Amino acid sequence: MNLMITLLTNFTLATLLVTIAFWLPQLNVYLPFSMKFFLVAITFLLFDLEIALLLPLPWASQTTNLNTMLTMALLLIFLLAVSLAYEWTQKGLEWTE
Amino acid sequence: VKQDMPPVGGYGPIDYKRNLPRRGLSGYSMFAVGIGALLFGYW
Amino acid sequence: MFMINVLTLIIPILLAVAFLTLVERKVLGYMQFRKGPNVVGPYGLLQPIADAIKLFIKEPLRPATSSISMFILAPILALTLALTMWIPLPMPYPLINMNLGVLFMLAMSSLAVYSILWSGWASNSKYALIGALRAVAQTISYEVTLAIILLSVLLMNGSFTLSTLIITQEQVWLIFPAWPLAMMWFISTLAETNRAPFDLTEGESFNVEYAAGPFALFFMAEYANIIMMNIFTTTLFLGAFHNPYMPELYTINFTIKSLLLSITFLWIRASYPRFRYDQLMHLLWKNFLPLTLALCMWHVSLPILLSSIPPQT
Ligand SMILES: CCCCCCCCCCCCCCCCCC(=O)OC[C@H](COP(=O)([O-])OCC[N+](C)(C)C)OC(=O)CCCCCCCCCCCCCCCCC
Ligand SMILES: CCCCCCCCCCCCCCCCCC(=O)OC[C@H](COP(=O)(O)OCCN)OC(=O)CCCCCCCCCCCCCCCCC
Ligand SMILES: CCCCCCCCCCC1=C(C)C(=O)C(OC)=C(OC)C1=O
């Protein structure tokens, strides 16, 4: 509730400052497609999904199945690294390396 | 006469070569300090 | 009474952003063997006020924009997200004490690329859109190491709670067990805010169609982001002493550390040339990301092998 008030206050202040900046000086009279950018955006998306898999780790370390948890955590970070290594060696990270 | 001239003994030696003083620790010392900071933090 | 607390957060944000411009011009003056602004105010203190009054009455640039709606929404979104990044910050107490404040900040900072994307598309210039796409690709690249470094650090915290991160650093700064994460974090926050040596929006090798007013709004959102990421880096790695009966000790201490870290941003822009675009892509994808994955494995496995798993609550 306090958060909704704070978001509404920040949005209201930002909209008020933008409305000032677009209407205070009104008082005075006075591309070809690049495959490389798409590939870096998709590589971001895929690694961002891998990060979404990695995000419950500070809670996952609290388990009583720690051998399994440590195995799966290292396996997810390893598969993120194998994704990066495949992206590296097949020239996917080139001219924007 | 009134002529701009260098002095009798001449001017001093002007330094012109590159002087990079080579400061800092060794590579092994910097990795030892960094790993020691890691071990202190871990302990 | 809560609205007073919201205003005493967000209006001093705007004042500190206003005087960060003075601090930047003075520090970049005295590091370049000259003086900064010292003519307008006493010790130059009225230069941001005069510059704000100059920008508010400057002529509108009058763009024939592709969309009026996203042209308005990009400064609104940039300023709103710049102000909402401050509300979970524990200094020592946050405005909004939320359990997942770290993840909240990561999500609200991931949303800030839409201001770049919408301002680049809302401009007619194809080259403004090309620069916007380069800036978005840079920002989403360094968000990856932001997320993974922050996850690796919070493996020592126990939770996503920003206020717990003060408890985590009562015996030692967290820069001592995590200085490689700290330095890749600091360079990644430097590349997040489009800040030198990562400012390719100022190099000749996206918001040029805005008037002086909305350019000032994007600029003050950017400096709010700079001060905020330095405060968040301070809370994250250089956590101060907190006495619960004297909270101002924590506030003075984190404020001094955050000011020194913002001045370190100013030192860095006055010391190095820019990266070429492929070079900072190389810096992310081929240097910071392999080390960040290796250190994420190490900071998963290290609390288990040392029996130093932090508490959940
Ligand atoms: C948070 C508080 C502040 C933190 C510190 C920040 C302050 C200092 C800032 C200095 C100015 C920086 C301005 C921007 C600079 C950007 C460029 C840059 O830094 O590039 C990074 C450079 C990039 O390299 P490069 O591009 O310069 O070099 C060439 C690279 N190749 C070969 C690929 C062409 O280095 C890194 O990426 C390193 C990151 C940190 C690594 C930390 C390693 C810790 C030790 C691990 C163990 C080592 C021992 C061996 C194993 C032992 C096992 C027990
Ligand atoms: C183009 C459109 C306009 C664009 C500019 C303006 C919008 C962008 C900037 C604002 C973004 C709004 C984000 C709102 C949700 C943020 C997530 C969130 O609420 O996290 C905080 C917290 C979670 O922490 P926790 O401690 O677990 O919760 C309390 C439990 N003890 O959770 C809580 O504290 C929960 C509190 C109650 C629920 C709050 C719900 C807020 C309203 C819904 C979202 C409104 C905005 C929707 C559109 C945004 C743009 C996509
Ligand atoms: C009403 C509250 C303040 C609104 C924002 C205006 C003042 C802050 C930005 C102005 C500014 C300053 C001082 C400034 O120094 C500067 O040069 C580096 C700018 O241009 C890039 C600026 O836009």
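Residues displayed in chain C correspond, in order, to Swiss-Prot positions 1-205, 211-318.
Structure method, as recorded: electron microscopy, 2.5 Å.
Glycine too: its Cβ is placed from the backbone N, Cα and C atoms.
Per Swiss-Prot, these features apply:
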- C:2-22: transmembrane segment (TRANSMEM)
- C:68-88: transmembrane segment (TRANSMEM)
- C:100-120: transmembrane segment (TRANSMEM)
- C:147-167: transmembrane segment (TRANSMEM)
- C:172-192: transmembrane segment (TRANSMEM)
- C:217-237: transmembrane segment (TRANSMEM)
- C:253-273: transmembrane segment (TRANSMEM)
- C:294-314: transmembrane segment (TRANSMEM)
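Of the candidate ranges C:2-22, C:68-88, C:253-273, C:294-314, C:294-314 has the most C-beta pairs within less than 8 angstroms of the transmembrane segment (C:172-192). Among the listed stretches C:2-22, C:253-273, C:294-314, the one sharing the most Cβ pairs under 8 Å with the transmembrane segment (C:147-167) is C:294-314. Residues 36-37, 44-45, 47-49, 51-52, 83, 86-87, 95, 225, 228-229, 231-232, 267 of the same chain, all 6+ positions outside the transmembrane segment (C:2-22), place their C-beta atoms under 8 angstroms from a C-beta of that stretch.
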